[PDB]
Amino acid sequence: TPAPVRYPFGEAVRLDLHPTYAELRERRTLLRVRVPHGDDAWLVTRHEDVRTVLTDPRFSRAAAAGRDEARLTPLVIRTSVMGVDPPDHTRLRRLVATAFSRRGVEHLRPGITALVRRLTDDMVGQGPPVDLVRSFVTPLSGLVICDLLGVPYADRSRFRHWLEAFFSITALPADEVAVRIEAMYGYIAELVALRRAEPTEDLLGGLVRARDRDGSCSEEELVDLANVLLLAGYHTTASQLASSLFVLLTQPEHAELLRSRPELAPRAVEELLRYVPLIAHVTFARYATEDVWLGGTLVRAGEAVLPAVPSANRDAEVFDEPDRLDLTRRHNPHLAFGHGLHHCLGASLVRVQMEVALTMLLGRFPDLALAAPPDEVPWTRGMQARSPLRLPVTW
């Protein structure tokens, strides 16, 4: 194999993609790389190629649990349904699929709408400037994931310390990663226990009933599944909505487009998912289980592949002018939610939260503008997802 290049190519800066990704797409080759932790891997960068590795059966995600997973984090993270192949993946997803369907999530829109109203009610009285990350983006995603799952949002003062340890690359040392992670796995266990004595009318309550009277999941599958849903809803969604708000407030000709044309919103939400590079670098690695050829490379059974999803979302062979934001694109086959088997489970819930919050922010602050130069806005350094630390605005 070729000499392995360091990966990452550098810290992810704001929302800029490193130039090597585009050259790799043009080269039509995988790149053998050397990551901060785990085995070496092949970096995958073309929309066509990232689709193959995300979902082809010959590329396994279970096979990486019996390995020191190529990865960017110090510790291997438990990814629940995201770390298993079928039939374990089937068995487990079916337990949460109906709650996260488009029809299932449509019922949450009246209350998501009303929260966005109560949150925007408060910027009005508070007055500029407002930190949109603190006063809006985090209360919205944080209160909508906790109310669906059953986690007390009023418990955020203890478990949002622990959520950062799952997303750290260089922000925390590995000993502080290991300890916050077990703090979280013991807070989840607290909640599972409080519901065998006191059944709840929430997603966690229904998962505990599902392990107890059906045995449809082991107890660590139970606690992992619930650990991962609050991971994704409380922080991954806030990152994307905080970064989409950066893209509109710094390219303010697109905020003016969508504000004058709110019917664009479902298209505007999709393109903001294609165009924002939410994943700092790569998604979860897969290991070949037999020999697959792609990207001018015979990947042998047992080798890793790292899918660089943000790069696939700029593939000129799929997206006309992929580096220009076009909030009005009609067909958007982006991979910002994954592809095939592991396609993002809260897809519909991210969309609804994003349609509502963008429509009302733009509708209700028609001259909303950043209260700093775009480059004076601070960004998450060392983290697995990209996000602005604060987002001061005025109107």
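Sequential numbering from 1, following the sequence displayed.
- Stretches compared: 345 to 353, 363 to 371. Higher mean C-alpha B-factor in the entry: 363 to 371.
- For the two regions 110 to 118 and 251 to 259, the entry's Cα B-factors average higher over 251 to 259.
- The residue among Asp323, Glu201, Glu270, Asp85 whose C-alpha carries the highest B-factor in the deposited model is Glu201.
- For the set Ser80, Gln126, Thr289, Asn313, the PDB entry puts the maximum C-alpha B factor at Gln126.
- The entry lists a Cα temperature factor for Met383 that places it in the middle third of the chain's modelled residues.
- Annotation for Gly295: CA B-factor lies in the lowest third of the chain's modelled residues.
- Ranked within its chain, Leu245 lands in the middle third, by CA B factor from the PDB record.
- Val35 sits in the middle third of its chain by CA B factor, as recorded in the PDB entry.
- Annotation for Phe284: CA B-factor lies in the lowest third of the chain's modelled residues.
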